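Structural overview for review
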Amino acid sequence: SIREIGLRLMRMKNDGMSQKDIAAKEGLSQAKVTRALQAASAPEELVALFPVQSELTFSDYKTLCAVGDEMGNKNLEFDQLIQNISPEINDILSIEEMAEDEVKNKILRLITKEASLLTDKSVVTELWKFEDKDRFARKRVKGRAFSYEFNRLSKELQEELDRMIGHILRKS
Amino acid sequence: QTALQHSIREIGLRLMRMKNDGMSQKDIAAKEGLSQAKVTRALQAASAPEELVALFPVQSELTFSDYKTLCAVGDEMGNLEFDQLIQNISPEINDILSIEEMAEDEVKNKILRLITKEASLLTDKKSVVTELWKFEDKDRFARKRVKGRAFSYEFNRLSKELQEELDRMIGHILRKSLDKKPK
DNA sequence: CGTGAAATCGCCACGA
DNA sequence: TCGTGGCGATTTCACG
DNA sequence: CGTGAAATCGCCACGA
DNA sequence: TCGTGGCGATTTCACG
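In terms of determination method and resolution, the entry is listed under X-ray crystallography at 3.35 Å.

Per the PDB entry, chain B is named ParB, and its organism is Enterobacteria phage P1. Here the PDB entry title reads "Structure of a ParB-DNA complex reveals a double B-box interaction".

By the naming in the PDB entry, chain A goes by ParB and is assigned to Enterobacteria phage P1.

1. Quick notes on the overall build of chain A
When its secondary structure is counted, chain A shows 8 helices and 3 strands. Its helices and strands taken in sequence order, chain A reads α-α-α-α-α-α-α-β-β-β-α from the N to the C terminus. Against the globule reference of 16 Å for 172 residues, chain A gives a C-alpha radius of gyration of 22 Å, more extended than a compact globule. For the C-alpha atoms alone, the extent of chain A along its principal axes is close to 70 × 45 × 25 Å. The buried share of chain A, taken over its 172 residues, is 34%. Computed over 28 positive and 30 negative side-chain charges, the inter-centroid distance for chain A is 6 Å.

2. Brief notes about the packing of aromatic side chains
Tallied over the entire structure, the rule returns 7 aromatic pairs over all chains. Where A:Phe150 meets B:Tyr153, the ring centres are 6.5 Å apart and the plane angle is 75°; that geometry is what we call edge-to-face. Taken together, the residues span two chains, with A:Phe150 in strand β3 (residues 145–151) and B:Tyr153 in strand β3 (residues 152–156). In this structure, A:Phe150 and B:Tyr153 share a single accessibility class: buried. Aromatic rings pair up to connect A:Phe146, A:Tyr148 and B:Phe155 into one cluster. Note that B:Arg140 overlies the ring of B:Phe135, its terminal NZ or CZ placed 5.3 Å from the centroid. The ring centre of B:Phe141 lies 3.5 Å from the NZ or CZ of B:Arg143, which sits over that ring.

Cut-off values and rules
Residues numbered from 1 in each chain as written, not as in the entry; some residues may be left out. Chains lettered and ligands numbered in written order. Heavy atoms only, no water. Residues with missing side-chain atoms left out of burial classes, pairs and counts. Helix = DSSP H or I, 4+ residues; strand = E, 2+ residues; numbered from the N terminus. Rg over C-alpha atoms; globule rule 2.2 N^0.38 Å. Buried < 20%, exposed > 50% of the residue type's maximum accessible area, 1.4 Å probe, protein only. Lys, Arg positive; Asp, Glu negative; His and termini not counted. Charge placed at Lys NZ, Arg CZ, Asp CG, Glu CD. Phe/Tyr/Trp six-rings, centres within 6.5 Å; stacked < 30°, edge-to-face > 60°. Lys NZ or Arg CZ within 6 Å of the ring centre and 35° of its normal.

Structure follows, in structure tokens:
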């Protein structure tokens, strides 16, 4: 709600209009001006996540701005987050019982979750999914170094997997 | 009535009887009239592990030199330990009594060479780094590491071409694992 | 300085 | 024996 | 609780 | 801008 009104007032920030005039070019209160503008800066990628953007509280957009800064504010890191929970987002959007306001709530608290542990490095990439608890394949990137890590897979696989990488290097 | 030997090992026993009555071996080397050295060498063998003493057919073809390397093996392993070991080898041990031609000559050198071997693989029981392409750079590298039933490939500072290459290639390989049909 | 849920280890056991 | 699932015991790890 | 060599990390700089 | 060797600055690691 306040969001749209925000992105709408935003364009008139770049039109060369000062909050003042706008608060008047809309019959709105200057305070509500900064409110809206502020809510309009929140990280879109997350904005989108929410299925019923109408139930978002100004506090929500605000907390979102926070989950953003504390996280730097750049795309890829978001996308990193977006996926680390993407399945639960769709998971919840499957439940039927809980109201729509309870959904966003659950969803929000979720966005503050990742934000805290992923900003406390551990950039991984579950390159496979077994139904087994222990058993895995993953890639890990950190600064100027990457590494793959598998566990509990066929010795042949290991074999196969050794043989190859040895080459790609040899191809240098 | 029974007494006096030369299977060197027996002498021990007696001297062991005596050593127990609080008698310096130095005394013994005189009481009985032998060289302190040997009196220890004696005793030394008299302590060779009874069990391991067994596995041998002709304990008479056992050389001191071995006997040492035996009690050596006696304790060198906590001194359940003896039993399990008698096992792991029991086959290949007996699997040698068969072999037609060969008496107390190369029985030892194999029975031994085994008992010890399959008795060393016990006392001592982690990651295992390895290199792939030792570079020239300071900290640029490509290694494999195996801390268990889990392996992994480590890499530092490399051409984004290299990554993708693997990235896609690893996925290539992985994917190969499985395709279901029909209808 | 406990806590429980999630990733892991440890060890048993059955088929090449 | 050696390799690989399974399943319970234990370590990790973010909270309260 | 040092103490140095080697393994890593900071960051500044150079060519599509 | 971004992706890549370089070398100083520092953290790792096994001992004495």
